[PDB]
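Scroll down for the structure; my scribbles are underneath it.
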Amino acid sequence: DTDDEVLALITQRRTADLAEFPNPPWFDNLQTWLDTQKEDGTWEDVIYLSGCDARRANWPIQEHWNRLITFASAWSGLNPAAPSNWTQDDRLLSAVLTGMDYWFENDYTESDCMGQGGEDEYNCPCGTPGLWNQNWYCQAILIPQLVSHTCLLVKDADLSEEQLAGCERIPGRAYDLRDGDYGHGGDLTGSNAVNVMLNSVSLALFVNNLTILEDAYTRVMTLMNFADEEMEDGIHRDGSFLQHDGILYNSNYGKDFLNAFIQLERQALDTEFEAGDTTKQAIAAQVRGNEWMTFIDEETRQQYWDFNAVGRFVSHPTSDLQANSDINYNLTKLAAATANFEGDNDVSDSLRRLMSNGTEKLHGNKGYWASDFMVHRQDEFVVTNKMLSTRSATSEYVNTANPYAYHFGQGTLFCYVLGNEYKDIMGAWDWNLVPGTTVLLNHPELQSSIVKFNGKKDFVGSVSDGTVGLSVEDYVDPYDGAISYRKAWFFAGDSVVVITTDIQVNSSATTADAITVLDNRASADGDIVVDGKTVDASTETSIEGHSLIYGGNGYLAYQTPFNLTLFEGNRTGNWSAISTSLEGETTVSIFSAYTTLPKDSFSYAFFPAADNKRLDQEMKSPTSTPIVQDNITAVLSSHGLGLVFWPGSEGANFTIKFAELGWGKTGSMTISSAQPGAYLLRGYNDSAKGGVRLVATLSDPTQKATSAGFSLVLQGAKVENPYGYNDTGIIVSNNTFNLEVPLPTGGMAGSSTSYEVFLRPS
Ligand SMILES: *[C@@H]1O[C@H](CO)[C@@H](O)[C@H](O)[C@H]1NC(C)=O
Ligand SMILES: *[C@@H]1O[C@H](CO)[C@@H](O)[C@H](O)[C@H]1NC(C)=O
Ligand SMILES: *[C@@H]1O[C@H](CO)[C@@H](O)[C@H](O)[C@H]1NC(C)=O
């Protein structure tokens, strides 16, 4: 056996791995499924419709292969959940062989049944004999996958020549068409190509062909490399997985990519097929990006995906076991696949925090530039925010699922303190009140035809330094332009300052009120509190106030008070009217609050996981101060200074005294930028050197500028370079510090970069 030892090792590993396909509950029906099998291999209670009579989606004939794979898993003795007395039992082997015979004998013969099946223009019209389906997916992926599993599980049994012919024919017909046309499928890309190559890996291990294995592994590892174009589907360098033109989708498509990588990497360890360096870098990036999208159910310890990375599955309940039901990948197998990861690729800490089941939480602030996404986490809450630019989309209406998701991705603000705030409330949900979004009330009329849209502006990004974050969104309504504004979020500590400026409402199209939705969650224990007064919102009630407290979260209004519209109680919706689900109707208790906005601008602050004492201290001593001024938005807080130069602010100035920041008793600072951009200014008081250590963070939201023009003008202070390097475009004089730096390009367009200087009170 020359060099087939690598093939045999990979075969052993994959055969032990493919034995895990059957659900552990399926092993109970071994005796029943064996006894109720007919003499021709079929079963009575299984639907064997083929051709133009079968069900296009979820072909019921696959139950046959499910039972065959269960038999084979029990027979091989590789699945630990199977009773040991069925190991090497000839009854299961004979049953599997008879089922394989039944399927192979009724295999179709016209190649046009692969994809264009049922089309009269091609050579497989309705009535052509054979086991095929009008759905191209059945002949390309599904049936080949099941066949590959069954054949690989019984590779060592004495198989007839017809059985081997079928085991090589059924997946080979799809593998031979890899660089060709699949009829309705056309060119297979991404998930379909990965599934085809995975089934081809199974086939190559069956027929003992190393060339097919080389080709399939090369193709798969190439498909999982970095995507560096705007909206380009794939793993980006920020850690986000895009699909369907900028729709964040780390929870479904990227999930399948990561599962395929886990499988292939664990199976091909220590061979000439283990992933290279580029693939491991991309996999580490995706693993880290997934961890920041994962929150915990504090009661059940089950981990989920954030509702901004789920897309159309938000309209499905968790019982349907879709992308929104779980993370849906084995953390132990992911740890085993990424053990050999070294250097900057090491993701051992991510896996440690994931498998800890909430005992180690993720602490910091992260900003995704390629998807306009930002996450702020403590050990006490998880806050997410997706924005809408020319490089992302809202949602999508696919396969009758998700028709009222127009407002998603248009400036959402989700909060996870318990882990069940938004669990399966989408049934009775009011889809016009998406938490965080600033929309016109019940505009437009939500329906299936109005769902997916791309942003119209480019100045939508985020700046962060790992601890504090500032996201910006030059927003315009994409469906009709009935509402436009500029909104920013400042993430620092347990507080989120939200400054909505430059509110525009096209009153010719509609006259609805411009509102900002604070939250739309499930009922939590406690009472609604407005200015310290309990409010009964069993019926939809309006009220004004400066503070709102419910479910452990606080909402503080600056200057102009709120104009709230509150509701708490049962709503009713139909799961089968928003998706293909069969759950029917649902009745859940929902608390929903949204304020009516003033005409020009409105600012407020959000304090998750806070109590009355924190909010009282804050209202009596605000640690933050929103500042709106001449196309510039600024946030003065104890943790630093957020600063937004919106488009049209070339040559403006923002002047702030050192005493307002807490740096020095005297002295001011005049800030000016050459081109629009987002900036962070954090100061640290140094008593030893007698001065202030300033850290300046910057980025480009448009992802189209190559250089920056940061300029500071100090009064009563002196700038001193600590490292003494002008290598970063730093111009240090007596009292002036200009920063001309090259911005990141390619896949890093829109990422942040920080620099240091030292100030001395003159
Ligand atoms: C042997 O297999 C049969 C068939 O399902 C099962 O009823 C029986 O419990 C098994 N015995 C043991 C010891 O697992
Ligand atoms: C392996 O597959 C390739 C591609 O179909 C083929 O060219 C080659 O002859 C095969 N090798 C063997 C030993 O069957
Ligand atoms: C991973 O798979 C093993 C074996 O089937 C199982 O015991 C374990 O619970 C799985 N882990 C998760 C997180 O599902």
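Chain labels follow the order of the structure tokens: the first chain is A, the next B, and so on; residue numbering restarts at 1 in every chain, and ligands are counted from 1 in their shown order.
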Query - Residue neighbourhood residue 296 (chain A), 6 Å, only C-alpha atoms, exclusion window fewer than 6 positions, as a list in words - result: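 Using only C-alpha atoms, the neighbours found are residues 302, 303 and 419 of chain A.
With a cut-off of 8 Å and using only C-alpha atoms and all ligand atoms, the polymer residues contacting ligand 2 are residues 176, 204, 207, 208, 209, 210, 211 and 212 of chain A.
Across A:454, A:629, A:111, A:267, the tightest approach to residue 395 (chain A) is made by A:454 when counting only C-alpha atoms.
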Query raised in the report: Residues at most 10 Å from ligand 1, using only C-alpha atoms and all ligand atoms? Could they come as a PyMOL selection string?
Result: chain A and resi 27-34+74+82-87+89
Query raised in the report: Residues at most 12 Å from region 731-737 of chain A, counting only C-alpha atoms, excluding those fewer than 6 positions away in the same chain, as a ChimeraX atom specification?
Result: /A:667-672,694,696,709-725,755-762
Save out the residues we just selected, N, CA, C and O atoms, as a CSV table (one decimal), in the first residue's frame.
```csv
chain,number,residue,atom,x,y,z
A,667,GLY,N,-6.5,75.8,29.5
A,667,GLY,CA,-6.2,75.5,28.1
A,667,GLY,C,-7.3,74.9,27.3
A,667,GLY,O,-8.2,74.3,27.8
A,668,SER,N,-7.4,75.3,26.0
A,668,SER,CA,-8.4,74.8,25.1
A,668,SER,C,-7.7,74.0,23.9
A,668,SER,O,-6.5,73.9,23.8
A,669,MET,N,-8.6,73.5,23.1
A,669,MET,CA,-8.1,72.7,21.9
A,669,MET,C,-9.1,73.0,20.7
A,669,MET,O,-10.3,72.8,20.9
A,670,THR,N,-8.5,73.4,19.6
A,670,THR,CA,-9.3,73.7,18.4
A,670,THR,C,-9.0,72.5,17.4
A,670,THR,O,-7.8,72.4,16.9
A,671,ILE,N,-10.0,71.8,17.1
A,671,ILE,CA,-9.9,70.6,16.2
A,671,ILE,C,-10.4,70.9,14.8
A,671,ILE,O,-11.4,71.6,14.7
A,672,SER,N,-9.7,70.4,13.8
A,672,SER,CA,-10.1,70.7,12.4
A,672,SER,C,-9.7,69.5,11.6
A,672,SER,O,-8.7,68.9,11.8
A,694,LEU,N,-2.4,61.7,25.4
A,694,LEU,CA,-3.6,61.7,24.5
A,694,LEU,C,-3.4,60.6,23.5
A,694,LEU,O,-2.4,60.4,22.9
A,696,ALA,N,-5.2,59.3,20.0
A,696,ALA,CA,-6.1,59.7,18.9
A,696,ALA,C,-6.4,58.5,18.0
A,696,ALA,O,-5.5,58.0,17.4
A,709,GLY,N,-6.6,63.9,7.4
A,709,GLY,CA,-6.1,65.3,7.7
A,709,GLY,C,-6.5,65.8,9.1
A,709,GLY,O,-7.3,66.7,9.2
A,710,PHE,N,-6.0,65.1,10.1
A,710,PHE,CA,-6.3,65.5,11.5
A,710,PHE,C,-5.4,66.6,12.0
A,710,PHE,O,-4.1,66.6,11.8
A,711,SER,N,-6.0,67.7,12.5
A,711,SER,CA,-5.2,68.9,12.9
A,711,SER,C,-5.8,69.3,14.3
A,711,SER,O,-7.0,69.6,14.4
A,712,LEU,N,-4.8,69.5,15.2
A,712,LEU,CA,-5.2,70.1,16.6
A,712,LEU,C,-4.5,71.4,16.7
A,712,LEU,O,-3.4,71.6,16.2
A,713,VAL,N,-5.2,72.3,17.4
A,713,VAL,CA,-4.6,73.6,17.8
A,713,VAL,C,-4.8,73.8,19.3
A,713,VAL,O,-6.0,73.9,19.7
A,714,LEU,N,-3.7,73.9,20.0
A,714,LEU,CA,-3.8,74.0,21.4
A,714,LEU,C,-3.5,75.5,21.9
A,714,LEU,O,-2.8,76.2,21.2
A,715,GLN,N,-4.2,75.8,23.0
A,715,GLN,CA,-3.9,77.1,23.6
A,715,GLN,C,-3.4,76.9,25.0
A,715,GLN,O,-4.1,76.2,25.8
A,716,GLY,N,-2.2,77.3,25.3
A,716,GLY,CA,-1.7,77.1,26.7
A,716,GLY,C,-1.2,75.7,26.9
A,716,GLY,O,-1.3,75.2,28.0
A,717,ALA,N,-0.6,75.1,25.9
A,717,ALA,CA,-0.1,73.7,26.0
A,717,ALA,C,1.0,73.5,25.0
A,717,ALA,O,1.1,74.2,24.0
A,718,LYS,N,1.8,72.4,25.2
A,718,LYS,CA,2.8,72.1,24.3
A,718,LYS,C,2.8,70.6,24.0
A,718,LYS,O,2.5,69.7,24.8
A,719,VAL,N,3.0,70.2,22.7
A,719,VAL,CA,2.9,68.9,22.2
A,719,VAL,C,4.3,68.3,22.2
A,719,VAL,O,5.3,68.9,21.7
A,720,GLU,N,4.5,67.1,22.7
A,720,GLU,CA,5.7,66.4,22.7
A,720,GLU,C,5.5,64.9,22.2
A,720,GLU,O,4.7,64.2,22.8
A,721,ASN,N,6.3,64.5,21.2
A,721,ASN,CA,6.2,63.2,20.7
A,721,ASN,C,6.9,62.2,21.7
A,721,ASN,O,8.1,62.4,22.0
A,722,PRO,N,6.1,61.2,22.2
A,722,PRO,CA,6.8,60.3,23.2
A,722,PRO,C,7.8,59.4,22.6
A,722,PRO,O,8.8,59.2,23.1
A,723,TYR,N,7.4,58.7,21.5
A,723,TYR,CA,8.3,57.8,20.8
A,723,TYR,C,9.3,58.6,19.9
A,723,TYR,O,10.3,58.0,19.5
A,724,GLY,N,9.1,59.9,19.6
A,724,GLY,CA,10.0,60.6,18.8
A,724,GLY,C,10.0,60.2,17.3
A,724,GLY,O,11.0,60.4,16.6
A,725,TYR,N,8.9,59.6,16.8
A,725,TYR,CA,8.8,59.1,15.5
A,725,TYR,C,7.8,60.0,14.7
A,725,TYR,O,6.6,60.0,15.0
A,755,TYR,N,-3.0,56.6,17.5
A,755,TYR,CA,-1.6,57.2,17.6
A,755,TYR,C,-1.6,58.0,19.0
A,755,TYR,O,-2.6,58.3,19.5
A,756,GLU,N,-0.4,58.2,19.5
A,756,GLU,CA,-0.2,58.8,20.8
A,756,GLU,C,0.7,60.1,20.7
A,756,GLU,O,1.6,60.2,19.9
A,757,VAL,N,0.3,61.1,21.5
A,757,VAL,CA,1.1,62.3,21.8
A,757,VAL,C,1.0,62.6,23.3
A,757,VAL,O,0.2,62.0,24.0
A,758,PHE,N,1.9,63.5,23.7
A,758,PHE,CA,1.9,63.9,25.1
A,758,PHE,C,1.7,65.4,25.2
A,758,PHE,O,2.5,66.1,24.6
A,759,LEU,N,0.8,65.9,26.0
A,759,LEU,CA,0.5,67.3,26.2
A,759,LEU,C,1.1,67.8,27.5
A,759,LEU,O,1.1,67.0,28.5
A,760,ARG,N,1.6,69.0,27.6
A,760,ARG,CA,2.1,69.6,28.8
A,760,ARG,C,1.5,70.9,29.0
A,760,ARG,O,1.6,71.8,28.1
A,761,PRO,N,0.8,71.2,30.1
A,761,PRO,CA,0.3,72.5,30.4
A,761,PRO,C,1.5,73.5,30.5
A,761,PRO,O,2.3,73.4,31.4
A,762,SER,N,1.4,74.5,29.6
A,762,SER,CA,2.5,75.5,29.6
A,762,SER,C,2.6,76.3,30.9
A,762,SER,O,1.6,76.4,31.7
```
Which residues of region 569-614 of chain A sit at most 9 Å from region 431-450 of chain A, using only C-alpha atoms? Give each one's shortest atom pair and distance in Å (one decimal place), in chain and ascending residue order, as JSON lines.
```
{"residue": "A:592", "atom": "CA", "partner": "A:433", "partner_atom": "CA", "distance": 8.0}
{"residue": "A:593", "atom": "CA", "partner": "A:433", "partner_atom": "CA", "distance": 8.6}
{"residue": "A:594", "atom": "CA", "partner": "A:433", "partner_atom": "CA", "distance": 7.7}
```
Requested in this report: Extract, using only C-alpha atoms, all DNA, RNA and protein residues at most 8 Å from residue 580 (chain A), discarding same-chain residues fewer than 6 positions from it, and format them as a PyMOL selection string.
Outcome: chain A and resi 399-401
Got a sec: who's within 12 Å of residue 526 (chain A), counting only C-alpha atoms, leaving out chain neighbours fewer than 5 positions off, as a tab-separated table (two decimals) with N, CA, C and O atoms, in the first residue's frame?
```tsv
chain	number	residue	atom	x	y	z
A	534	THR	N	-45.37	54.95	38.48
A	534	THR	CA	-45.78	53.72	37.82
A	534	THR	C	-46.84	54.01	36.77
A	534	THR	O	-47.82	54.72	37.04
A	535	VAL	N	-46.65	53.47	35.57
A	535	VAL	CA	-47.55	53.69	34.44
A	535	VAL	C	-48.14	52.34	34.04
A	535	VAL	O	-47.39	51.40	33.73
A	536	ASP	N	-49.47	52.25	34.04
A	536	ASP	CA	-50.17	51.05	33.59
A	536	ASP	C	-50.41	51.16	32.09
A	536	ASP	O	-51.25	51.94	31.65
A	549	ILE	N	-37.86	53.22	32.96
A	549	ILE	CA	-37.25	52.07	33.60
A	549	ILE	C	-38.19	50.88	33.46
A	549	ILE	O	-39.34	50.95	33.90
A	550	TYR	N	-37.70	49.80	32.86
A	550	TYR	CA	-38.44	48.55	32.79
A	550	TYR	C	-37.47	47.41	32.50
A	550	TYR	O	-36.54	47.58	31.72
A	551	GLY	N	-37.71	46.27	33.13
A	551	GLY	CA	-36.90	45.08	32.90
A	551	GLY	C	-35.42	45.26	33.17
A	551	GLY	O	-34.61	44.53	32.58
A	552	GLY	N	-35.05	46.20	34.03
A	552	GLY	CA	-33.66	46.40	34.38
A	552	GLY	C	-32.88	47.34	33.49
A	552	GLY	O	-31.67	47.50	33.69
A	553	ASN	N	-33.53	47.97	32.51
A	553	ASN	CA	-32.89	48.90	31.61
A	553	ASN	C	-33.41	50.31	31.85
A	553	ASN	O	-34.57	50.50	32.23
A	568	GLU	N	-48.02	47.18	27.00
A	568	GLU	CA	-47.54	45.97	27.65
A	568	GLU	C	-48.71	45.01	27.79
A	568	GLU	O	-49.73	45.37	28.40
A	591	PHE	N	-43.77	44.03	25.74
A	591	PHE	CA	-43.63	45.42	26.17
A	591	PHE	C	-42.98	46.20	25.04
A	591	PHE	O	-41.88	45.85	24.60
```
Query raised in the report: Got a sec: who's within 12 Å of residue 146 (chain A), counting only C-alpha atoms, leaving out chain neighbours fewer than 2 positions off, as number ranges by chain?
Result: A: 18-19, 21-22, 61-70, 72, 100, 103, 138-144, 148-153, 167, 170-171, 195, 198-199, 202-203
Query - Env. residues ligand 3 / 12 Å / only C-alpha atoms and all ligand atoms / as JSON, numbers by chain - result: {"A": [16, 17, 18, 19, 20, 21, 22, 23, 24, 78, 79, 80, 81, 82, 262, 301, 302, 303, 326, 327, 328, 329, 330, 331, 332, 333, 334, 335, 336, 351, 354, 355, 356, 357]}
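The interatomic distance for the pair CA of residue 463 (chain A) and CA of residue 643 (chain A) works out to 9.8 Å.
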